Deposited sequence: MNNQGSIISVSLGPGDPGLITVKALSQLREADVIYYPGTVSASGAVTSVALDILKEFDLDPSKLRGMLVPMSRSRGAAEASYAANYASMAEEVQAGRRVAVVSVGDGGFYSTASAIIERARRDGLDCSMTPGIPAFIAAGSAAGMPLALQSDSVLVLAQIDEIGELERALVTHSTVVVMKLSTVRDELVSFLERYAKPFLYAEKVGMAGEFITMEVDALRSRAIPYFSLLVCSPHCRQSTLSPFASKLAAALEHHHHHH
């Protein structure tokens, strides 16, 4: 069978009991990764998997890099071998950072596993934006709030318009408006959370625009704009 196993967003302790047992029992793994102009691999998913004491030879990397991302194609070029351990009776999981049905490319493997037969399942995980809220010690939503989550916005204008109609707004992937961010956070003169590599080795979370002026805004970062940011341990309002 093939199982879409959510890892949670970075802290290995944030994997579910179920997802962890599913990893320990899989015959082969399948994790996404990135190469950044020369080779040498970066994989936030493998960084998590490394803490579970899994057999290193079960893990199958899925690589070509950050772009579109071309991720859709990359997974597709690996499902062929996924419908082969499966026909040979083996347990295949395909891991996702955060949750496997929340902006995950794993959603191509499962949509294709169904229609093709083959016993497939999704085990859910904690979205990054959820873990970010908790890392900052704030609520994301209270009583009747709406929450809007956006991804891959094409220019900062989009965030600005959404921000008068909605309670909380969450913006993911953020190396897309990485150059517009500080100017945006200056206008909008309102509380925000910037959260990078939540639960991972290089975690960085801030509510200070000053702290972002010279910061490189990488793929694994998100923004929360919400009056609830005033409740964070990171806010002067306490």
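Trainee: What ranges of the deposited sequence are left out of this structure?
Mentor: Model skips 1-5, 74-75, 246-259 of the deposited chain.
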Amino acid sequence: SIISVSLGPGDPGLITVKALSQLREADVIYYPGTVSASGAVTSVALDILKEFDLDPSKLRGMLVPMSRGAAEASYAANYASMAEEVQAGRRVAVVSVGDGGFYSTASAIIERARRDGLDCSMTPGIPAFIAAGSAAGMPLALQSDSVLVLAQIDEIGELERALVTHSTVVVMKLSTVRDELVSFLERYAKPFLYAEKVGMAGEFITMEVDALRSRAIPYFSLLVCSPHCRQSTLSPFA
From here on, numbers count along this sequence of modelled residues.
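Trainee: Mean C-alpha B factor from the entry: is it higher for 195-203 or for 31-39?
Mentor: The deposited B-factors put 31-39 ahead on the C-alpha mean.
Trainee: Read off the CA B-factors in the entry, average them over 62-70 and over 177-185, and name the higher stretch.
Mentor: The stretch with the larger mean CA B-factor is 62-70.
Trainee: Out of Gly98, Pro139, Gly101, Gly117, whose C-alpha atom has the biggest B factor in the entry?
Mentor: Among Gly98, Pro139, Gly101, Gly117, the highest C-alpha B-factor in the entry belongs to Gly117.
Trainee: Have a look at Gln143, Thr165, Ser146, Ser134 and flag the one whose Cα has the highest B-factor in the entry.
Mentor: Of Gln143, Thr165, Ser146, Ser134, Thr165 has the highest C-alpha B-factor.
Trainee: What third of the chain, by the recorded C-alpha B-factor, contains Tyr79?
Mentor: Answer is highest: the recorded C-alpha B-factor places it there.
Trainee: Is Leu54 in the lowest, middle or highest third of its chain when residues are ranked by C-alpha B-factor?
Mentor: Top third by C-alpha B-factor.
Trainee: With respect to C-alpha B-factor, does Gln87 fall in the lowest, middle or highest third of the chain as deposited?
Mentor: It falls in the top third of the chain.
Trainee: Ranked by Cα temperature factor within the chain, is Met122 in the lowest third, the middle third or the highest third?
Mentor: According to the entry, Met122 has a C-alpha B-factor in the chain's middle third.
Trainee: Should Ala108 be placed in the lowest, middle or highest third of its chain by the C-alpha B factor in the entry?
Mentor: Highest third.
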